[PDB]
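Peer 1: 3D, please:
(chains A and B, ligands or ions: 3)
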2 protein chains.
Amino acid sequence: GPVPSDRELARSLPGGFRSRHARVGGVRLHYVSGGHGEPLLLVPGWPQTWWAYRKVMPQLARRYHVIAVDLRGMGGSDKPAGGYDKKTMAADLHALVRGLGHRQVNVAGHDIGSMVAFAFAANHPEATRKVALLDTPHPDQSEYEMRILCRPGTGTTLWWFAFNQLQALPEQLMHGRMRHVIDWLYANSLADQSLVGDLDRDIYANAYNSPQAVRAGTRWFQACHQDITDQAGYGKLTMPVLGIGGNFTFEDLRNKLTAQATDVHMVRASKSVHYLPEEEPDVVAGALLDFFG
Amino acid sequence: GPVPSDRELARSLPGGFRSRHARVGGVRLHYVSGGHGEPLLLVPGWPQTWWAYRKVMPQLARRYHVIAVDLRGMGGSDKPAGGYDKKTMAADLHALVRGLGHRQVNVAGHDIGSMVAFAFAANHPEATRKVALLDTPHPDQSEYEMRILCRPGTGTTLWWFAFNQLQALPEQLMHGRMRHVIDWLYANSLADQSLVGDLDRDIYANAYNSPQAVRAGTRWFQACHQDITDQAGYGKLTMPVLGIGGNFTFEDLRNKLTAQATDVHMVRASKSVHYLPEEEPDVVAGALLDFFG
Ligand SMILES: C[C@]12O[C@H]1[C@H](O)c1c(cc(O)c3c1C(=O)c1cccc(O)c1-3)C2=O
Ligand SMILES: C[C@]12O[C@H]1[C@H](O)c1c(cc(O)c3c1C(=O)c1cccc(O)c1-3)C2=O
Ligand code: NA
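Peer 2: Residues are numbered from 1 along each chain as shown, chains lettered A, B, ... in the order given. Ligands and ions are numbered 1, 2, ... in the order given. Please find the structure below.
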């Protein structure tokens, strides 16, 4: 059944967060901001919303003016026909913080949002103070080397990477049924399932359960070829970079970031598989606070 | 019912085919047979049934006694807990044809059914007159080499190999919704969509639409590591082998069969992507008549 609105959710957090909207380049974005200090943009990924950062936002709000956004195609934000490449979505966020009167910001992103975080630093270095990448590197040529099958007992099948490439079938299969997808993902990541409760899962499922919302989600993934091409155009990132890697992705994240960025710092979230802000918020909040300063 | 019975479907075919059953080793298998002459076992794959051979069965029934089967886990056949490795499924079919009093049969299989067809020749050579593999080679180490992502225009996303590895999520997402799966597959293979009509698609969807049927289907794919292990133990087939390959699987199929078999013939289905019996039925019917003699 129904879940609380974004205003209800934002207000439920300590730190005085408010749910807001802003229109950038004709597209309306939802974000939740609060706290005081230098600006900190938080970007979530699939299939989640700004609410993915709930466990860390209050602590961060003590030091930063936190801006937690729904990406284009996500949650309360508009779901236009296109522009789901990370370069365009990063430009969205850039227009946003600039519209808010910020010349440069701290940026952290998770999952799809980490890609957007990287694209932001890549395309808008002057507006980028520091950037933190949570678990997920930007697409590059290595995306084409991902294997369909893992040998038994090794790693997790990244099935949704192939599946979300598809036209039509995803919304056809997943509409109304996104809670099952969320349950599968959490079942193959959380050390304790109670790390993300029923309500939290239902908030994501409700945001993604319509065919248009599923579809918008897939566009982030279908954009991968374009993202890969754009990535070839990026010079190395030279501002401070933070990579926070889960227990099984850490060394691959370190490799990619050290190759694509010149001032890289790494942190290992040893008790996490992927949903870092939810699996080890203590590590993410602490890492970001020490890193952004 | 939702669609015509297998009994109705069998009778609708010229050549006087009849739908039957038989129990082998506690597992009840459905098949449709007809015609006169030397026995010819026909094996379909995912997500199809014996009905996939409808366009060629009448032509073949004039020269061979055709036996078109639903595999274990498929269509009208039982769907037990296990035994979905291709070796076990081949033993099923061996027991079946021996129970019918045939010492040797010709064998042809497509898709998953082609793997079983190969396993049949491999494990029961004395019961194999000749064997034809339609498009799909038996699993080997190369399966761990399949790529999650294709460069644009470089081929189709083979997403279902990854997806069908999963526990629970496949039934949850696909039950009641297999028609959409079938449509996607046909949308990415048929040169003309009317090659497979609306009712035919619903016949397949109906066979697979319950959670148990989706699940049984995934077992064929989850057995892949075990199939790969079994393949390593096989000697070269020395009976006549025919490979019929689609325009894009041909050369891989030719490589594998020639390495695994000493008497190999190849045929190119130049206007087909994968569903050879439905896409180029005359080429298929014609090739089998020439090969089985
Ligand atoms: C872009 C994205 O594909 C999205 C997904 O959010 C993602 C990604 C990586 C994972 O390793 C990963 C996941 C994910 O949902 C997940 C669940 C369980 C285990 C696991 O390891 C993962 C990604 O970077
Ligand atoms: C075992 C199986 O995975 C099953 C599927 O039936 C299959 C297989 C190979 C394909 O290349 C292939 C398909 C398939 O449905 C399909 C549709 C569109 C393009 C295309 O190329 C394919 C297989 O071998
Ligand atoms: Na509010």
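Peer 1: Helices along chain A, start to end?
Peer 2: Secondary structure of chain A (DSSP state H): helices at A:6-11, A:57-61, A:86-99, A:112-123, A:159-163, A:169-174, A:178-187, A:198-208, A:211-222, A:224-232, A:250-260, A:276-279, A:281-292.
Peer 1: residues in contact with residue A:231?
Peer 2: Counting by Cβ atoms under 8 Å, 6 or more residues apart in numbering or on different chains, residue A:231 touches A:138, A:139, A:140. C-beta coordinates here come from the backbone N, C-alpha and C atoms, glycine included.
Peer 1: ok, it to residue B:194 distance?
Peer 2: Distance of residue A:231 to residue B:194, given as Cβ to Cβ, to the nearest Å: 42 Å.
Peer 1: again, but for residue A:84
Peer 2: According to Cβ to Cβ, residue A:84 and residue B:194 sit 34 Å apart.
Peer 1: which of those two has more neighbours?
Peer 2: Taking other Cβ atoms under 10 Å in any protein chain shown, residue A:84 and residue B:194 do not tie; residue A:84 has more neighbours (23 against 7).
Peer 1: quick one on the thing from earlier: would you turn the contacts of residue A:231 into a markdown table with distance to chain B and neighbour count?
Peer 2: Output for the contacts of residue A:231, formatted as a markdown table (distance: Cβ to the nearest Cβ, whole Å; neighbours: other Cβ atoms under 10 Å in any protein chain shown):
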| residue | distance to chain B | neighbour count |
| --- | --- | --- |
| A:138 | 15 | 24 |
| A:139 | 9 | 24 |
| A:140 | 12 | 16 |
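Peer 1: wait, which of those residues is closest to ligand 2?
Peer 2: Set against ligand 2, the nearest of those by Cβ to the nearest ligand atom is residue A:139 (24.0 Å).
Peer 1: Enumerate every residue touching the closest one.
Peer 2: Counted by Cβ under 8 Å, 6+ apart, residue A:139 has contacts A:86, A:115, A:224, A:227, A:228, A:231.
Peer 1: Excluding residues flanking it in the chain, which one is nearest residue A:202?
Peer 2: Counting by Cβ to Cβ, 6 or more residues apart in numbering or on different chains, residue A:202 lies nearest to residue A:3, which is 5.3 Å off, once chain neighbours are set aside.
Peer 1: Verify the contact between the one you found and residue A:200 for me.
Peer 2: No: between residue A:3 and residue A:200 there is no contact under Cβ atoms under 8 Å: 9.2 Å.
Peer 1: Looking at those two, which is more packed in?
Peer 2: Under the criterion of other Cβ under 10 Å, the comparison of residue A:3 against residue A:200 puts residue A:200 first, with 20 against 17.
Peer 1: From residue B:106, how far out is that one?
Peer 2: 58 Å.
Peer 1: before we move on, the earlier item: which of the contacts of residue A:231 sits closest to ligand 3?
Peer 2: residue A:138 (32.7 Å; Cβ to the ion).
Peer 1: residue in the stretch 151-293 of chain A nearest to ligand 3?
Peer 2: Nearest residue of the stretch 151-293 of chain A to ligand 3: residue A:203, at 15.6 Å (Cβ to the ion).
Peer 1: do the stretch 51-200 of chain A as well
Peer 2: residue A:76 (11.6 Å).
Peer 1: returning to that earlier point: any idea which of the helices of chain A is most buried?
Peer 2: Highest mean neighbour count of the helices of chain A: helix A:112-123, a mean of 27 (counted as mean count of other Cβ atoms under 10 Å in any protein chain shown).
Peer 1: which residue packs closest to the residue in the stretch 1-150 of chain A that ligand 2 sits nearest to, ignoring adjacent ones?
Peer 2: As assessed by Cβ to the nearest ligand atom, ligand 2 sits closest to residue A:148 within the stretch 1-150 of chain A, at 10.4 Å. In space, and not counting its chain neighbours, residue A:148 is closest to residue B:146: 3.9 Å by Cβ to Cβ, 6+ apart.
Peer 1: List phi and psi for the one you found.
Peer 2: Main-chain dihedrals, residue B:146, degrees, to the nearest 10: phi -60, psi 140.
Peer 1: and residue A:262, what are its phi and psi?
Peer 2: According to degrees, to the nearest 10, residue A:262 has phi -100, psi -20.
Peer 1: if we can go back for a sec, if I pick the residue nearest to residue A:148, what's in contact with it?
Peer 2: Counting by Cβ under 8 Å, 6+ apart, residue B:146 touches A:147, A:148, A:149, B:158, B:161.
Peer 1: and which of those residues is nearest to ligand 1?
Peer 2: Nearest member of these to ligand 1, counting by Cβ to the nearest ligand atom, is residue A:147, at 13.3 Å.
Peer 1: quick one: that closest one from residue B:251, how far?
Peer 2: In terms of Cβ to Cβ, residue A:147 sits 21 Å off from residue B:251.
Peer 1: what do you get for residue A:212?
Peer 2: Remark: distance between residue A:212 and residue B:251 (Cβ to Cβ) = 41 Å.
Peer 1: same deal with residue A:217?
Peer 2: Here residue A:217 is placed at a distance of 36 Å from residue B:251 (Cβ to Cβ).
Peer 1: Over to residue A:153?
Peer 2: From residue A:153 across to residue B:251, the span is 32 Å (Cβ to Cβ).
Peer 1: try residue A:61
Peer 2: Separation of residue A:61 from residue B:251 (Cβ to Cβ): 60 Å.
Peer 1: and if you look at residue A:85?
Peer 2: Where residue B:251 is concerned, residue A:85 sits at a distance of 34 Å (Cβ to Cβ).
Peer 1: cool, residue A:25 as well?
Peer 2: Noted for residue A:25: a distance of 48 Å to residue B:251, by Cβ to Cβ.
Peer 1: number of nearby residues for residue A:82?
Peer 2: 10.
Peer 1: Without its sequence neighbours, what residue ends up closest to it?
Peer 2: Nearest in space to residue A:82, with sequence neighbours left out and distances taken as Cβ to Cβ, 6+ apart, is residue A:219 at 7.3 Å.
Peer 1: Name the residues linked to the residue nearest to the residue of the stretch 51-200 of chain A closest to ligand 3 when sequence neighbours are not counted by a beta bridge.
Peer 2: Excluding its sequence neighbours, the residue lying closest to residue A:76 (Cβ to Cβ, 6+ apart) is residue A:30, at 3.1 Å. Beta-bridge pairing for residue A:30 (DSSP bridges): residue A:21.
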